[PDB]
K.L.:
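Quick one: the structure is below, and I'll ask about it shortly.
Chain letters run A, B, ... following the sequence lines, proteins first, then strands; residues in each count from 1.
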Amino acid sequence: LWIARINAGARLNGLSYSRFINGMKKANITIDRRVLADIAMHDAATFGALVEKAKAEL
Amino acid sequence: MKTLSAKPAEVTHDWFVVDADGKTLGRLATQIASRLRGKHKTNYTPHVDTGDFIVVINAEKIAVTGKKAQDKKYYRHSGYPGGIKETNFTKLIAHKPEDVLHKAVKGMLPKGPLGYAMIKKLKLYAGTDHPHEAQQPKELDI
Amino acid sequence: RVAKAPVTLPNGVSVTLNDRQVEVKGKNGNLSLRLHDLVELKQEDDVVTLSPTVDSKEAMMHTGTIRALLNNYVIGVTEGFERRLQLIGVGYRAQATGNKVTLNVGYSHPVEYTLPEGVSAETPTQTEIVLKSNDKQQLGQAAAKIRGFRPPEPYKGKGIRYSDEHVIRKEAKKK
Amino acid sequence: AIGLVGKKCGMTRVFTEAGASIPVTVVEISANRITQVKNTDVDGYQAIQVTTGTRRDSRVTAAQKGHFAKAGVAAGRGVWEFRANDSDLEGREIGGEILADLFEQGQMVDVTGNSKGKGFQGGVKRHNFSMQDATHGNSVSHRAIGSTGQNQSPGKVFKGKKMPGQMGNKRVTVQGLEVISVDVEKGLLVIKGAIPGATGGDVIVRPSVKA
Amino acid sequence: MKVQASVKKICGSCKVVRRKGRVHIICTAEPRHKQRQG
RNA sequence: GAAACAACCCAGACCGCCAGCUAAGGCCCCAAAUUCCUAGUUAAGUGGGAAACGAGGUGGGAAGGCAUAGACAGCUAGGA
RNA sequence: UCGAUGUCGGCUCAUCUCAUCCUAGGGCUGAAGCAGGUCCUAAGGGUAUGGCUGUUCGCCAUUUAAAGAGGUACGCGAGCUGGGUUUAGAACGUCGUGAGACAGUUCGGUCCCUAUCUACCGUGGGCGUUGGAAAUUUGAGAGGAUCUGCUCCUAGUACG
RNA sequence: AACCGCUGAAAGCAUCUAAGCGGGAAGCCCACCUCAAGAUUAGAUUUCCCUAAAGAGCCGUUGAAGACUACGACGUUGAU
C-alpha cells in the first residue's frame, strides 16, 4: 500500500517510484515508506519538496 | 501514526475524455484501467474506488498491430451444447465498436464487486461525440 | 532494374501528383494510381524518374511496381491495350451490343456479361471477341471473366480462349 | 408489411368447379382502428398500432381511455402493432381504417396465433419420444424419458434437453397460406390452411414474408 | 494437385513460388507437377 | 517463486511491530516494482507443444566463379 | 477406489470430434460422355429394415443419396431390460481314488431406493429498474430450423 | 475455405501477392420462426393519476387457459 501511494505521489510531480527510492538512497534520506506514503497522501507540498531533493540527486 | 483509507464519502471522481483514434488497443487499455482504479492518486486504497470517469470517443478507430485485425478471435459460449461462437476484431469493431475496448479494459481490472463498480465509470462511444458535456470532462491524452 | 528505369512521357500525356495520388491524363482518357507511401515521384523534362524514400529492399520492391503500373498507364492512355478472345465450338458464338456482351456456348441459357466501366467490346465475326481498354488491369479482368464462363477443353479445344494461348490437348479414347 | 387482426371462426371447405375440396378457415375481420402511428423520429422505428373488437367502458382503464381518445377510435378488445416501412405508412393516419381489403384472392399470407394449450405433457407427446416396451419385463417406465445424459463426463444434463413441460399455448406462425376469398362488407377472410388456435382466438394475418 | 510435406521441382519447367507463406510448385509443362506444401 | 503443483528453485517459522536490505522469481494492467537505457534479431502472435524431410523467408560470416575483351536474366538467329 | 466405482448386449435418450459415408465446392486423372479414382476444403443437415445368433460384430436378404470412423466410466441399470458372463439345483464330455473341477457344454435361477444439493425441463412468488399506473414495443442476445430422391424439359443435344 | 484469377515488382523474365483489384461451398454472419430490458448498461413511445388518486389484488361467475399458479373473459351500466 505504501509503495503504491508513493508511486502515485512521485509520478504526480516528476519521476517514478523506482527512481524515487534510488534518489532518496543517494541523498542519505532514511524516511520509511510508511511515513512517505503518509506525507504523499496527506501533505502534497512536502512530498513535492521531497521529490525535488531526490530529483536533483540524479 | 496510522495508514488511513480513502473514506468513500470523501472521494470525488473526475471526468476525462480520451480520443482513441489510431492508438494501440492494449497500450491504451492499460492506461484506462489504471485511471478507473485510481492508481494515480496518493490516497489510493485497493478497497475504495478512487478512480475517475473516462469518456472514450472514436472507439471504432482504435488500432491493433501486426495481423491482429483479421486474427484476434473473440470466443464466447452461449451455455448450450456445442454453443461456442467466434468473431474477429474487425468483424466485432464493425458490429459493436465499443465492445472491443470495453473487453480489453474489463480483463485488466479486478474481478469482483469493486471491479464491476469501476468499469461502470468507463463511458466509451464509437464516434467523435459523447453525451456528457454536462460533466465537463477534460481532455486527457493517455 | 525496373524501378531505376525512367518512364518516358510522350507529348500528349501528362502526370500530376496531388496528395499521394498520381493522375495520368492524355488522349485516350484519364487513369490514376495511388502512390505508395514508400516511393517518391520526381519529374524532369518529359520523363518521370521515381525512386524509393529510403534505400531498403522493401522500398526498392514497391517502387518497381509503381514504375511498372505507371508505365502501363502512360502507354494505356497513349494508344491503349487490346485483348482478343476466340470461341471454338459447333455452336459457340458471341455478340456484343454496347457494354453488354452475350455469348451462347453450350448452356441451356445464353449468358449475359456486362463489361466493366472502361472496357469496350466489339465482335467483327461471331466467334471472336475484341476487347479494348485504357488500363491493362481492367482489360485483363474483363477478358478473364468472359473466358471463365467456358474455359477451353483439353479434348476438343472447345471454349473461350485467349488469342495466342497455348491450349493443352489430350487424346480421348486411348489405350 | 402491415396486416390485420382477426378472430378464428372455425373451419370449413370450399369446393372448386373441377371437383376439389379446399380445406379453408374463416377469419372474422372487424374494423381495425389505427390507435397510433410510430415513426423513426418519435419512436426510432416505423410501425402501425391498431385495435379491433370492443370493450365496455367499465373494463377500460383511464390510461387506455385517453390513449384511444387521442386517436378518436372506440376501445377494442386488444391493441396490436405491425412493423412497417415508408411505403406502408402512406395512407395510414391516426384514427384511420384497415379492412379486409388489405388482402386479395390468391395472395400468400402469414397467420400467427396462440396454439391450443395441452398443459403439462410428457416427452412422448411433447417431443415425439419413442415409447418403451409395453411388455417384455418393462417396469414402471413405459412413457419415461429414458436416459438424460452420459456418465461422470460431463456429469450434468445439457441445456435444451427435451423433457416434459407446458405444451401448446404459445405463439405459432404458419406461412404460405393462400387467401381463398375476401369479403369486406361482412368482415370475411377465407384462408387455406389450419391457423393455430381454437375458434374464438385472436389471429394476426400478414402478407407472407417468404414471397 | 499434390499436397505433401516435400515439394520440389521435378522436370525443369517447374517454379518454386510462395504465396501466403506457403510453398507451391507450378509447372507450365506438366499440370500433374503442381504441388503445395501441406 | 514455478497459474494452481508433498519430492523442483530460493529459503529453515520462539513470539510481537502499519521498520529496512535482499534470495529465487520478477517490474504494461489484473498484481508490488522499468511502457528503463544501449546494440541488434523476429513478422511466425514464433515467443506461447511436436520430428525426418521440404522451401527462392530473413540477418550475418569466411571464401570463391564470371563481368564494359559487355557478366546473370530476357529477346533474335543457329543449335549442324 | 476392496467400511462396494454394478459386467456384456439390447431399449430409451443423447452429446461431441473429424481421420467425411451422402449431399456441397475444388485440383490432378490412365478425366470423351456417363460413371468413377485419388487428394484438398467442408461437421449444416442426413446417415435403413430385417433373417441368424445373448451377442457388440459378422454373414446374408432387400433397400438407400448414403447405410461414416470414433470419444463420451468400451455415454446412459437411484432411466428400463436381464438373453450371455458369474452363486446356491441338475446332467453330459473330460480330469481326479475322492471331496470336487473345466475362458467346455446344457436345462433353471429375487435387478431396492418417496430426490436434499448441483444440472436440466416447465411454471410461479419477491424485489429492483430515480413517483406511481395501463398498455404497446426496440432488440444486446439466445434457441429452433438447415436433409434429400425421382420424373419432365433443355436434349437423345454436347460427347462418343 | 480450398481452388482459380487480374495487374504486378522483389528477381529486366516469370509469378494470384509483397502494394492494389476479383471470383468462389449445404460451411461462418445475417436473412425465416420462437423467446428476449434481472440487457442491474434494468432501454423506448402513448396516455392516466396523485390530501389513499390512477390502478392492482382479494372475492364471485368462469374459459379449447391450467397440476397449484399464471393467463383470458365477465360481475347487474351483465350473456361469465
K.L.:
For residues 137-153 of chain C, pull every pair meeting side-chain hydrogen bond (donor to acceptor under 3.5 Å, both in side chains), keeping only residues two or more places apart or in separate chains.
P.N.:
C/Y113-C/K145, C/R147-C/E165

K.L.:
Do the side-chain N or O atoms of E/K2 get closer than 4.0 angstrom to the phosphate oxygens (OP1, OP2) of G/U38?
P.N.:
no

K.L.:
Which letters describe nucleotides 30-43 of chain F, given B = protein heavy atom under 4.0 Å from base, S = only from sugar-phosphate, - = neither?
P.N.:
SSSSSB--------

K.L.:
Does anything in residues 36-45 of chain D come within less than 4.0 Å of RNA chain H? Heavy atoms only, and list the residues if so.
P.N.:
D/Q36, D/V42, D/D43

K.L.:
Over how many whole Å does the gap from D/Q132 atom CD to G/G77 atom P extend?
P.N.:
13 Å

K.L.:
By the 4.0 Å heavy-atom rule, please label C/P154 as base, sugar-phosphate, or nothing.
P.N.:
base

K.L.:
Need to verify one output field. Residue with the more 5' nearest nucleotide on RNA chain F, B/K2 or B/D71?
P.N.:
B/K2

K.L.:
Could you tell me whether D/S147 contacts a base, only the sugar-phosphate backbone, or nothing, with contacts defined as non-hydrogen atoms closer than 4.0 Å?
P.N.:
base

K.L.:
Taking G/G143 as the reference, what is the distance to H/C49 when you measure between their P atoms (whole Å, please)?
P.N.:
45 Å

K.L.:
Could you list, one pair per line, each protein nitrogen or oxygen that sits under 3.5 Å from a nitrogen or oxygen of nucleotides 65-69 of chain H, together with the distance?
P.N.:
from  : atom 1 : to     : atom 2 : distance (Å)
H/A65 : OP1    : D/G117 : N      : 3.4
H/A65 : OP2    : D/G117 : N      : 2.8
H/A65 : OP2    : D/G117 : O      : 2.7
H/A65 : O3'    : D/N169 : ND2    : 3.2
H/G66 : OP1    : D/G119 : N      : 3.1
H/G66 : OP1    : D/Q166 : OE1    : 3.4
H/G66 : OP1    : D/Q166 : NE2    : 2.5
H/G66 : OP2    : D/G117 : O      : 2.9
H/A67 : OP2    : D/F120 : N      : 3.2

K.L.:
For each nucleotide in nucleotides 49-54 of chain G, reading 5' to 3', give B when a protein heavy atom comes within less than 4.0 Å of its base, S when such contact involves only the sugar-phosphate, and - otherwise.
P.N.:
------

K.L.:
Hey, what are the protein-to-nucleotides 55-57 of chain F N/O distances that come in under 3.5 Å?
P.N.:
none

K.L.:
Between C/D135 and C/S133, do the side chains contain a donor N or O and an acceptor N or O under 3.5 Å apart?
P.N.:
yes

K.L.:
Under 3.5 Å, which donor-acceptor pairs link side chains of residues 56-65 of chain C to any protein atom two or more places apart or in another chain?
P.N.:
from  : atom 1 : to    : atom 2 : distance (Å)
C/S56 : OG     : C/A59 : N      : 3.1
C/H62 : ND1    : C/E58 : O      : 2.9

K.L.:
Regarding B/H95, tell me which of base, sugar-phosphate or nothing describes its non-hydrogen contacts under 4.0 Å with the strands shown.
P.N.:
sugar-phosphate

K.L.:
Just to be sure I understand the geometry, which residues of residues 114-122 of chain B put a non-hydrogen atom under 4.0 Å away from RNA chain H?
P.N.:
B/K120

K.L.:
Using the test salt bridge (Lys or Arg N to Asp or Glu O under 4.0 Å), find all partners of A/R19 that sit at least two apart in sequence or belong to another chain.
P.N.:
none

K.L.:
Show the distances under 3.5 angstrom between N or O atoms of the protein and N or O atoms of nucleotides 76-79 of chain H.
P.N.:
from  : atom 1 : to    : atom 2 : distance (Å)
H/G78 : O3'    : D/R56 : NH2    : 3.4
H/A79 : OP1    : D/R56 : NH2    : 3.2

K.L.:
Base, sugar-phosphate, or nothing for D/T61, non-hydrogen atoms under 4.0 angstrom?
P.N.:
sugar-phosphate

K.L.:
Select from C/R1 and E/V3 the residue whose nearest nucleotide in RNA chain H is closer to the 5' end of that strand.
P.N.:
E/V3

K.L.:
Quick one: which protein N/O atoms are closer than 3.5 Å to N/O atoms of nucleotides 4-7 of chain H? Pair and distance per line, please.
P.N.:
from : atom 1 : to     : atom 2 : distance (Å)
H/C4 : OP1    : E/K34  : NZ     : 2.4
H/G5 : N2     : C/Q141 : OE1    : 2.7
H/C6 : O2'    : C/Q137 : O      : 2.8
H/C6 : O2'    : C/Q137 : NE2    : 3.2
H/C6 : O2'    : C/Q141 : N      : 3.4
H/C6 : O2     : C/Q137 : NE2    : 2.4
H/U7 : OP1    : C/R83  : NH1    : 2.9

K.L.:
Cut-off 3.5 Å, side chains only: do E/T28 and E/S13 have a donor facing an acceptor?
P.N.:
yes

K.L.:
Who passes salt bridge (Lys or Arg N to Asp or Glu O under 4.0 Å) against B/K23, sequence neighbours left out?
P.N.:
none

K.L.:
Looking at every strand, decide which applies to D/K161 at a 4.0 Å heavy-atom threshold: base, sugar-phosphate, or nothing.
P.N.:
sugar-phosphate

K.L.:
How long is the line joining CG of C/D135 and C1' of H/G22, in whole Å?
P.N.:
14 Å

K.L.:
Is D/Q152 side chain donor-acceptor paired with the G/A73 base, going by distance under 3.5 Å alone?
P.N.:
yes

